[PDB]
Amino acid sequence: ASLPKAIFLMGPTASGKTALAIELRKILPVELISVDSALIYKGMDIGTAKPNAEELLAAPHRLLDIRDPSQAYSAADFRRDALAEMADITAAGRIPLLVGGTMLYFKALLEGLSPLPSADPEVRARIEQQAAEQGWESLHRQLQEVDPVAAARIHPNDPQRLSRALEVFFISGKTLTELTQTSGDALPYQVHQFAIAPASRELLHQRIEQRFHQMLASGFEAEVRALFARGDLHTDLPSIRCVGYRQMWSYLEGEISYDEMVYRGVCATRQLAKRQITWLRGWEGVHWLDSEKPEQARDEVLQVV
């Protein structure tokens, strides 16, 4: 049984992932899938570094523009959509090339996800209510009583995972620990994994500052103003929490100056890149490609496949 093959092209923001995948498209029989939590949103184009129409004509990207910014996506939704796209592409005699910087998604796809309940807004509101009356420390104390192992790993000041560990208990009566000893299904594909990134760190920062000011001149403020104008989007939504968009949101709310927006936008982008690189340093199977050398990058992929 020959396991079908796929390629992961990962990397930080401003690393030229999109550039290289579109070049790979010309010489390898591949179909591209976006692995990015922000490129999935309609009308969020400039700030997300979405490939434009002409780039999509030459190299179609699946899993772009499948959500309105008011709606939320998940590692799980990605996994289900990604698996289903990977079966079509394979059934057409092609090789799925998955490209993006959203590393939890790659991980969810590669090693599985344990089956668990999905979000419950009502249960989430309840927990948020109690945090506001008694602090998150009371909630972490509750988790100590029901799920000691989850309590130890999850820090008292991590609202997101604290809410998540309790939620799973409230919905099903079983603890997060209990459910996650059932393991995720591994990806039934032979996968070649690459991570392309700038030679050094000083240079990663330089390209990020450049790519931010590039966006500003591309009409980024206008894009975010349209979103801002709708009236039904708010900073608790994943899309508005995106890098660039969140700081521009403060700006449009009159909470910071233009220069403070610019400062905090770039910083958030550097902070993104840094966390993407952390994932990649601990990742297993990675072939490293040099961002500032796209020609060798292309040839290195070719001769590893």
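We number the residues from 1 along the sequence you see.
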property: 84 to 92 versus 70 to 78 - greater average Cα B-factor per the deposited record; result: 84 to 92
property: Selected stretch [higher average CA B-factor]: 7 to 15 or 20 to 28; result: 20 to 28
property: Member of 213, 207, 124, 155 with the greatest C-alpha B factor (per the PDB record); result: 207
property: Maximum C-alpha temperature factor, selected from 107, 140, 174, 164; result: 174
property: Chain-relative CA temperature factor third for residue 237; result: middle
property: Chain third (lowest, middle, highest) by recorded CA B-factor, residue given as residue 128; result: middle
property: Chain third (lowest, middle, highest) by recorded CA B-factor, residue given as residue 112; result: highest
property: Lowest, middle or highest third - CA B-factor, residue 160; result: lowest
property: Residue 222 by Cα B-factor - lowest, middle or highest third of the modelled chain; result: middle
